[PDB]
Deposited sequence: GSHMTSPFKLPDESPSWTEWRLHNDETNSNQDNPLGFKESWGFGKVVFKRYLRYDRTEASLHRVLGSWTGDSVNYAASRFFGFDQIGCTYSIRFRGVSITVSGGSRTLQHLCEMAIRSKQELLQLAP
């Protein structure tokens, strides 16, 4: 399976996550989760994010309209399939979803949702 993502997953081990809980707080997690679904197949990432501009720029590079289109187009055919982007950060989940015909518009709304959620104030 070719993934829509350009960065590898960064899920913390159970021990790393416990170490982080012990030393921080829902509003200061190690990072965020995001996922892309195309019909029944779902790709997920956990990515480290520390709220600096450097870190925001890095994690905004985790998928592009091109990389999502390349991965999704594996699953395309005559009938439309459902496509969905989800992102969860600090207790708030955003999902952008529609049919594969509207995929470009879904990626534009998904990237804007991602940037707005990751920059949401204190």
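For this chain, the deposited residues without C-alpha positions form the stretches 1-3, 28-29, given in sequence order.
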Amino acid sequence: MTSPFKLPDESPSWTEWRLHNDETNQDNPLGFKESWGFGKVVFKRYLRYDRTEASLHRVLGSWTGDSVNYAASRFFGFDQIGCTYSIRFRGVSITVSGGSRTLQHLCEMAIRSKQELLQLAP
From here on, numbers count along this sequence of modelled residues.
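Per the compared records, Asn25 is unresolved in at least a third of the other entries whose models span it. With 78-86 and 41-49 compared on mean CA B-factor from the PDB entry, the stretch scoring higher is 78-86. In this crystal structure, the stretch out of 25-33 and 91-99 whose C-alpha atoms carry the higher mean B factor is 25-33. Ranked against the other modelled residues of its chain, the C-alpha B-factor of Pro4 as given in the entry falls in the lowest third.
Residue-level temperature factors show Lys114 in the lowest third of its chain, judged at the C-alpha atom.
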